[PDB]
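Naming follows writing order (A, B, C, D, E and F), and every chain is counted from residue 1.
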């Protein structure tokens, strides 16, 4: 009728339709899972290879938003790289004025509040992009937040985003995780990915993984090559069996 | 829709070829039914 | 973020009407009844207070505001739009008082408050205000009663009504208003002409009255109104 | 049909039409290939003429002394995004006294073409780029879209009837890493020769080659600098 | 009349031929979209907020789902509605509160900090450029000369002072339960109030809570800091209401 | 309710008839449409399973719904 042409228009129902649609553009992307343990956070992206022509392990969906804050995205990728720069810019103005790495509880509320300002006006279009911020500190432990197009942030112990959002949240509910060292989680993540992926709907995939926890001393990296292989071998074995 | 859930849990069993259901069968069925129930059109309260 | 729209939403129709102001006058006529009665030494502004449970605290808001030591308002229509105009008036009064060191005359204040409401029928991306202000004041020896409309016009009255059933109340007042009243009826006769449009029982916390004599405008304490409600005072 | 008049509206399906369309502006453009080795990156572009008395529009635009691009789409937009890159690489010489490394250049194009796909009544840039550069990580190719995504490729093609090239390039992607310089350009031409009609062939008046290497600042070849590469070229039989 | 369309009038915020703003009568329907309910009850020494807390999964952390926000140290408030808009308006409250203290030097009354949340909302009504926020703030806090107080401000602006309110899905049903316990009248001690709030929410939803299904915000005159009661303290009142 | 023939003058019941459906419902014939084979529906392999298990399976193996204790969808 005319309740979808604007973010500035409630519908008679009671809900802004332009934000609804944005969230459905996320649901049509590949899957990313986060899972927080007791001494770190591990990230997992199910990056599809759509040709053999794209270079391997390149054009990632795992940003560094700060020197101790991962960001794993799903959804329309262009708008993702845009947020990853607004966040870097915030987590720099925070170290400038307050002089210490920004606390992830706050970096989240500030990046959600920036997404929210884009669902109010008609002059802009709400972001098509849900994403998780992980972080580790020794004064706060691991924290894992997840933002979405609405502009909502919520603490999580695990979560997933994308086209297999449902199947993956099961695998993490059937997993103890307030007791496992970082090292043991990475094996679980790989195994969960392999399960939730369909090779009858997609071709193949590359498995992307990220520490951030006690192992690395509060930095955020990508898992080293050797440990990534071990997690792929232990994941083919749980699909055999 | 709870009558559906109990059936769906049955169907996974017939698919796997068991003579019995389990605690996952009812866990999956609630996720499935719950997706289509939300998808399939919004229900409004009609007061008298 | 945004820039803002630039194009007026109040537009002429083939009739020669500004449809938006015509409608905003119908919002005015949904609002709570309000009467105004210039006396011969004071002005009375009485109004039907809004409530719809016993949970509301009938002393946390006021439909009768003071704008200056010598000015008052009541309104009829949308309650949010009233707190905006009460607040642009109180500032107008303070710029006037800051340049002439003299309380702003009541003819002046209505003529400026009106030009703010006129600005919202010819500005970009806004709707007109949804209220009619009834402005009393007592300067230079006289009392004054004005009324500005969401249009922007304003008319001096000797007594009037606005809001719901303001055609029954302007008739009722037309007869009962014989000049040279004392200040104390305008209250009495005012309260009566609220009753010609009010269903229920009036109490000290259910209507709000404000007077405005040489001593300056003042809202009437709940006790004070309970006495005029002897329906004999 | 109402979700096509702005970048600002989403579609019930969860896309944006104005961004989809823009990318049809790219498939109207003239075929162009890009592949790499481990020492050279090459841009081979099939120019085009709109008459018999007329020259051919330049597909390869020189950016800096280690970055080329090959446009495909509105040319007025291609020189609006080329001036911004020329300006980004003169900002780096002037502040850091180094060449701007390509990965961090494609990330600025990414930040500047993202913007107008989210503001009212502005459009996406109707041009796709292939960015052949060589810095301290060997050779790169980068495909840019009007959507504002981008990709690190090992050998990409855009434009019209580009799909025919993409398959040729996907069967030979193994051989590319071991080529000398002249052997690589042969591949690029043989891939670009699969995008034509079957009736005509690559001449010297509608091919443009761009080579950047470890010791070779980005050059461009036209007319009779292209002849040392068409001569020696295999015959393509039907 | 009778609901007609002026063409544009359900897509921006301009008057209908009737004399209403369809765009604001819709933004109220967002508050009930949330699916939560919050009651607030005033005593004679303290004001209480009690909120239903709904953790849908076992994954969500339970300590970062809250609806109770600290605006000052002497002003709490509960947010019902679209969670995005909510947090956006709480952020804005905190700003005003601390801007007030900075300009006048005596921390802000609960009266005025609503009047300003109300007036920011009102602008979103009057312009066409944006929608109004789809949420509804209820502030509580002890005033230095009027006892405790409760205020609720709506998406349109209109804000008022209360003795007991609710907001959200069962906003009609609650205020019928409450007004009965207000015309009777009690002492309204600290234990009286918390009692009336939980029993109102518990009967209108039919839950009969676990300490982990409500969060209870409270502010007493003896100690004017805004506390959020832990699960240990909440349970003392639930098993005391199971006895009585 | 029953339909019955009747002698068109002396109103005698002559026989009982088979119930009758509107000719537009008999026109909605159970046709005989040419085989097409589930192998000749491209993609959509999952979909075929989801339908067959709900419609086709209860036509022969209702035994497997009775042993589990459920009713087909």
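Methods note: contacts are C-beta pairs under 8 Å (C-beta built on N, C-alpha and C of every residue); 3 or more make two chains touch, one makes a residue touch a chain.
Here is each chain with its UniProt name: A = Proteasome subunit alpha type-3; C = Proteasome subunit alpha type-2; D = Proteasome subunit alpha type-1; E = Proteasome subunit alpha type-6.
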Chain located farthest away, centre of subunit D as origin (C-alpha): C
Contact-richer chain pair [B-F vs A-D]: A-D
Separation of subunit C from subunit E, taking each centre as the mean of its C-alpha atoms, in whole Å: 31
Euclidean distance of C-alpha centroids - subunit A vs subunit C, Å: 56
Of all residues in subunit B, the ones touching two or more other chains: none
Chain pairs that touch, as defined at the top of this document: A-B, A-C, A-D, A-E, B-F, C-E
Residues of subunit C that touch subunit A when the two form their complex: 1-3
Subunit D - residues contacting subunit A, complex: 2-3, 7-16, 107, 110-111, 114, 117-120, 147-156, 166, 169-170, 173
Subunit A-facing residues of subunit E, complex: 10-12, 23, 26-27, 29-30, 32-33, 57-61, 63-65, 82-85, 87-88, 91, 128-131, 134
Contact set on subunit A toward subunit D in their complex: 4-5, 18, 21-22, 24-25, 27-28, 51-55, 58-59, 77-79, 81-82, 85, 118, 122-128
Interfacial residue positions of subunit B with respect to subunit F in the complex: 4, 6-7, 10-11, 13-15, 19-21
